[PDB]
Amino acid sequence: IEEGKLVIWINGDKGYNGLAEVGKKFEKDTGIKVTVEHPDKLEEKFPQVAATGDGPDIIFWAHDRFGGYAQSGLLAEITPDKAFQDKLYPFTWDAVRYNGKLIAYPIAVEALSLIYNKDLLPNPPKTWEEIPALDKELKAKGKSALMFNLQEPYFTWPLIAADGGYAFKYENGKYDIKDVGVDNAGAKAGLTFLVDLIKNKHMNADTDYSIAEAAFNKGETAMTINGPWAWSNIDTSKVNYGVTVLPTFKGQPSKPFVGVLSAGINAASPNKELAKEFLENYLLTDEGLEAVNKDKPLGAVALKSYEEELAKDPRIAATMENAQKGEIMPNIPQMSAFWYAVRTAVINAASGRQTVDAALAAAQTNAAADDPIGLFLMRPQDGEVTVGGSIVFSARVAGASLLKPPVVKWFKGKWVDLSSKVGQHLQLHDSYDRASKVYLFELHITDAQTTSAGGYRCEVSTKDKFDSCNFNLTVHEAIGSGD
């Protein structure tokens, strides 16, 4: 009763209200309603929901996540005409290329900068090493020098990488997925410096994104480390801030990762054409990007015409100076393993639960680890459902032999093979996508009952290999059934 609908997911720190404004212009022109959501952990949830119908038509994230999604067949291939391709910077298209395919529309280039309060700190430090002394000075005055998010490795990486840390080695035109730079002398020096800041009480291991933002925006701390999306909240506050180059460490620049905010289209969306129309004709226009940017700044936008108009913004200039000193994020599937490993290391080293050496050595091994067997690309995860509701569990498997596909069997408990229970309340659905060479296997549980709850198993086999995983279903009583 709208003409149609598009569902968009974007992270909660981005300009979702501006994006909804572009959506309202789309609706008015087109009759198609646009809903912009920003669920928690959307980037982890997307693979599970992509092909169920609870998936978004469009997903926004930095480009690093998208190679993994593409390996799993989750993203529609983008094949633009030259006319449109030429409107965006080739650099931004490069970020969304995976094994010869464009897998998203690039939106904007982001990097972290040093953001400082000019009334507490007219001249911000040039080196990380000066920060302890600055903080002693500010503490005597009831403030602190620096607060930033210590829970996400994105924010600590620039210091870790400064003297020699790296994610994956790049050479002869490709990333070496096995060659990781997490436990070298450089990374250890950077993480040790961070840990010592915390030991010396210049920072607190528990500081997260909200805490640091509140502290900076209320004038409690002289500096923070953040990206373009944060500037508009600071504008609302009383703070006179600058945006500048990150401090050096051991004489070397901090090396922030460069992220390209990108918009991928769900391969399972029935609305791919509408999604492209929205993205090309509404969002990636001067007027569209202005709406989003005015909500939460995007950085250096991919659209040449508008990037040129904003380039005079000194905040954007500083963003790009930091970006030039840093490294572009890889988009390889292994980046997930890298990020999870480094997150663990920083949190454990910062809190004192592990030594820096132990944290980084473990993270080095974990970031490079492979799936031993190499069948599952995506495993079904624990689920919850209300009594009478429906739930879909999914597995994705990498195809290999053309002649002998992988075969999946689903079980409840030790031995009940669910193909023997297909009926009114259970379905099994298989498909293959030759574009991605990915097999999708689904188990559908409908009219869920208390008895449906418990442990299940998904077994995948080929002529010579086998793997299996377990997952749990929790069945909740409906609200209003009691009392």
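One-based numbering along the sequence shown.
message: Regarding 341-349 and 304-312, which shows the higher C-alpha temperature factor on average in the entry?
response: Looking at the recorded C-alpha B-factors, 304-312 comes out higher on average.
message: Mean CA temperature factor from the deposited coordinates, higher in 257-265 or in 173-181?
response: The stretch with the larger average C-alpha B-factor is 173-181.
message: If I read the C-alpha B-factors straight from the PDB entry, which of 190, 406, 299, 219 is highest?
response: So the option with the highest C-alpha B-factor is 219.
query: Based on the PDB record, which member of 152, 135, 235, 370 exhibits the highest Cα temperature factor?
result: Spelled out: the listed residue with the top C-alpha B-factor is 370.
message: Quick check for you: using the entry's CA B-factors within this chain, is residue 129 in the lowest, middle or highest third?
response: Residue 129: CA B-factor falls in the lowest third of its chain.
- request: Rank-wise, by C-alpha B-factor, drop residue 14 into the lowest, middle or highest third of its chain.
  value: Lowest third of the chain for residue 14's C-alpha B-factor.
task: Report the third (lowest, middle or highest) to which the CA temperature factor of residue 36 belongs, ranking only the modelled residues of the same chain.
output: Within its chain, residue 36 is a middle-third residue by C-alpha B-factor, going by the deposited values.
Chain thirds of CA B-factor: placement of residue 82: It belongs to the highest third of the chain when residues are ordered by C-alpha B-factor.
- prompt: Lowest, middle or highest third of the chain for the C-alpha temperature factor of residue 415?
  reply: CA B-factor rank for residue 415: middle third.
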